[PDB]
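**Q** After the structure tokens below, expect a handful of questions from me.
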Ligand SMILES: O=C(N[C@H]1CCSc2ccc(F)cc21)Nn1cnc2ccccc21
Ligand SMILES: O=C(N[C@H]1CCSc2ccc(F)cc21)Nn1cnc2ccccc21
Ligand code: NA
């Protein structure tokens, strides 16, 4: 029992982190087979960032302008290209520690582990969700660009995030590993701000199901709701709409606990109305929305504590 | 910016996790050089676990009764002995991935990363504190025994915890790597319970400093206090006493933010007396006590 924000073991990713330097700018790169992936803004100076012309900046670079360092060893760059907002540096050595991997672009609400890295050296690992407003609430300092987010379902690492920037509200924006930004964000210093964020309803429900599994029933009530009435109330608390897809996805947790999804929705409605009245749910005084239905099944017993 | 419960990268520990099987019991072991460390209760059945005589149970075992699996490979056990509550299985192969390491015993209040494992396969990493009552609020299912806790202090892994049991309140108990329990717990089926826990004051103050560093300032006030007056308030709210050692340890954060420790204690005093009045700190409605001063500096500066 217990319930923790748990990250995937980071070792398969640690073996892929390198340092990339262009000019005076150093950040992190991901070394998979014979390619190093990093944010294209590594090629920018101070001035460049207001209105960078990346094509023009890049055409002026040779391979040997890119210094790649893997632990103690310099890797030799033998090619470069730009894909969307990532630079792909072809190097002369395949990474012998390359894991089984794939690139996946995630949807808002999905969770992943972040390996925070500085100078190509990993510092820490923590669990994050893609917010409805396409930001992440990370922990990142200057030098963290090129840090990656991932899941490891089985022995296969699914890379889903590369860190590019911190927005003015202190939350974080980045790309998939094909270099496409999550959200409306650009790798340019302009006025861009996170949209108003909402709570990830499907995840809160999953976590309520986790609390029941772990032996906790105080917040249930005798009521049900229609989906549309649930969504009319939810939206007033800045909760994301719940779709029929979300109801379907919660089906297994519904079976394990014997509580229908719209009955759990009725419980959530009442929690939003009443608060917790000095109680906690799985150690929290707030409703948690960074555990997915999949994450609850991964972590929780399939025997509920009745 | 941002502040997260952050674990150490687990790679150096992942390469040391193995599966140990004795009879019908399978759990996790730690393979360092040519020794595999695991909980001695691996040798017990259900009935044995009521009143085990470990010395007697062990002397009846042969090396070949211990099946050790490192991924796909069987290791051959060539010796066995016990140190306190851990079993040491001498194997025929040194672990080529053995990191630089030490065994260290931690103090209540200190934090560490846990690599949770099942069948010798690492499943997840999370950050824990050793509670004042010597339990940890882990997340563990059946099969997790022998899962380990660690810190990393350069390239050196400091192993501090091995998981042995879950208590009735759903919290967890274990040993250091020399097999000495944290807390007044024994490896047998008896009635055992977590004692009443307290809040780790020095850690709450550290986290308040983290909040200020991250721009969350609403709880700062014009008042200061003394150690003695603050400690009267702590005791009332089931908080650990704050010592001069604790004040000294918070010194750096005090300098960086320009809030003296006893100034921050005046803030904490007011939070304990008045609550948060609908507000949150670093996204929390509760006061967090599982970040040490070192953890805050590490994350908010390195
Ligand atoms: O935001 C960062 N770079 C800026 C520079 C100028 S405006 C800008 C615009 C686009 C872009 F892709 C990057 C940037 N780096 N970065 C990432 N996490 C950080 C955390 C703390 C401080 C800086 C941090
Ligand atoms: O507590 C556990 N084993 C028992 C067997 C019977 S009484 C007992 C007594 C002492 C001891 F050291 C261990 C044990 N295993 N264990 C560890 N984390 C778990 C999480 C969920 C369920 C069981 C979990
Ligand atoms: Na004050």
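**Q** Output the residues belonging to region B:122-133 that are within 30 Å of residue A:154 (Cα to Cα) and either under 8 Å from the mean Cα position of the chain (by Cα) or more than 9 Å from chain A (Cβ to nearest Cβ) (or both).
**A** Matches in region B:122-133: B:127, B:128, B:129.
**Q** Related question: For region B:270-302, name all the residues that are more than 23 Å from residue A:282 (Cα to Cα) and away from ligand 3 (no atom under 16 Å from the Cβ). Don't jump to the end; show me each part of the working.
**A** Looking only at region B:270-302, we keep the residues that are more than 23 Å from residue A:282 (Cα to Cα), and these are B:270, B:273-274, B:293-302.
B:293, B:294, B:295, B:296, B:297, B:298, B:299, B:300, B:301, B:302, listed by residue number.
**Q** Considering only residues that are under 17 Å from residue A:200 (Cβ atoms) and away from chain B (no Cβ under 13 Å), look in region A:94-111 and name the one that is surrounded by the fewest Cβ atoms within 10 Å (Cβ to Cβ).
**A** By that ranking, first place goes to A:107.
**Q** Restricting attention to region A:276-300, report how many residues are exposed (fewer than 14 other Cβ atoms within 10 Å of the Cβ), within 12 Å of chain B (Cβ to nearest Cβ) and over 27 Å from residue A:114 (Cβ atoms).
**A** Within region A:276-300, residues that are exposed (fewer than 14 other Cβ atoms within 10 Å of the Cβ), within 12 Å of chain B (Cβ to nearest Cβ) and over 27 Å from residue A:114 (Cβ atoms) number 2.
Table: residues versus (1) surrounded by fewer than 23 Cβ atoms within 10 Å (Cβ to Cβ); (2) at negative phi.
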| site | (1), (2) |
| --- | --- |
| A:158 | yes, yes |
| A:161 | no, yes |
| A:171 | yes, yes |
| A:179 | yes, no |
| A:185 | yes, yes |
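**Q** Look at residue B:136 and say whether it is in the same structural domain as residue B:296 (by CATH), more than 16 Å from ligand 3 (Cβ to nearest atom) and either at negative phi or within 18 Å of the chain's Cα centre (by Cα) (or both).
**A** no
**Q** Tell me, which helices (runs of 4 or more DSSP H) lie completely within region B:2-93 with 1 or more residues that are surrounded by 14 or more Cβ atoms within 10 Å (Cβ to Cβ), within 14 Å of another protein chain (Cβ to nearest Cβ) and in contact with a helix residue (DSSP H, G or I) (Cβ under 6 Å, 6 or more places away or on another chain)?
**A** B:11-14
**Q** I've got another one for you. Test residue B:123 against the criterion of being outside the structural domain of residue B:72 (by CATH) and over 30 Å from residue B:255 (Cβ atoms), and give yes or no.
**A** It is true that residue B:123 is outside the structural domain of residue B:72 (by CATH) and over 30 Å from residue B:255 (Cβ atoms).
**Q** Name every residue in region B:139-161 that is within 14 Å of chain A (Cβ to nearest Cβ) and within 10 Å of the chain's Cα centre (by Cα), in order of residue number.
**A** B:148, B:149, B:150, B:151
**Q** Just to be sure before I move on: is residue A:115 facing chain B (nearest Cβ under 9 Å), away from ligand 2 (no atom under 16 Å from the Cβ) and touching a helix residue (DSSP H, G or I) at 6+ places or on another chain (Cβ under 6 Å) in the structure I sent?
**A** Yes: the conditions hold for residue A:115.
Positions of Cβ are generated from backbone atoms using ideal geometry, with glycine treated the same way; all protein chains shown enter the neighbour counts. All of this is worked out from the model, or read from it or from the source named; these are not laboratory values.
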